[PDB]
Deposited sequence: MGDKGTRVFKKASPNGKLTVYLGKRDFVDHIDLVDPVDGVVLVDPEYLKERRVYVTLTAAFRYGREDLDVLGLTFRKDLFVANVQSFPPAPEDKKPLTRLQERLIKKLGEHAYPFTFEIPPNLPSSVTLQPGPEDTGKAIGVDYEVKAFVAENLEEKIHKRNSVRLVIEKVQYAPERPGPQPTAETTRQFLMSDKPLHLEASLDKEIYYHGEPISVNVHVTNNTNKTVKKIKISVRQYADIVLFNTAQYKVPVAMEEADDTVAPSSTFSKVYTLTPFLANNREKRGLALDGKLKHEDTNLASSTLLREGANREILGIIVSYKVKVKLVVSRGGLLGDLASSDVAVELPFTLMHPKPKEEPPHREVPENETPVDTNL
């Protein structure tokens, strides 16, 4: 299995994790499992326990989720038994429970010089649960929490607007994976007044930062400037292929990306799916994808999602051909 471990700077208090990618289902969240190891010394008068933080460092780490469980005085998973058997008797398990309605791990893109929702799992030994402990006698293992594409495809999007002519738009499908081109139908039924000389088709995602008040930020990740012109009292139709990628979006600011583990670069932020029956205050970041066409003005909005499917084996969470 080759679980992931993060040894502390001092020769003690290591933590074992079977994975660093916890999926977020619509209903429940996969619990965090692992083993923290403590030597017989340094512990005879102390007690070991763990703590995870839902940091919101935007510099100012506005913590959101804090949970503490004591590993040194519930059922245990199969991987939990294997670690206990292999490591030895002097190993005390730790587990975590994540409730729903929490934001996923998304990090905004900075320019020429992170900020976003990140989760850190730290283990330290004390009694007062509030004593100031140095980072040397602790571990700092970063975990990621993301969502993946659902099995059931969604309905074909379709918009409508007749304000000033009459135009309609549609997409091939709702489920889009990262890097896949987007096909849009821009069939217009203009009747009179003006002959529109351009068709602006742009893809934008919503960076709904809901830290305190609200946010509806707009970023045109992909766009095009086709110079086709409609005619007065005539019909028109056209297709297009826009692909949202990161090669031309390096200079942009405020762009939302996927979860981060180091200074390595990632793809665009996956769309976040909330609960229809329960939409309370998130205090995080919500990312939703929208495709629009503009007649030059009038425009329409067509929903769509852009996020990865279920990985076959496991994500390394790092660009594979490094250095």
property: Where the deposited sequence has no C-alpha coordinates (positions from 1, in order); result: 1-5, 65-74, 89-94, 135-138, 190-196, 329-341, 369-376
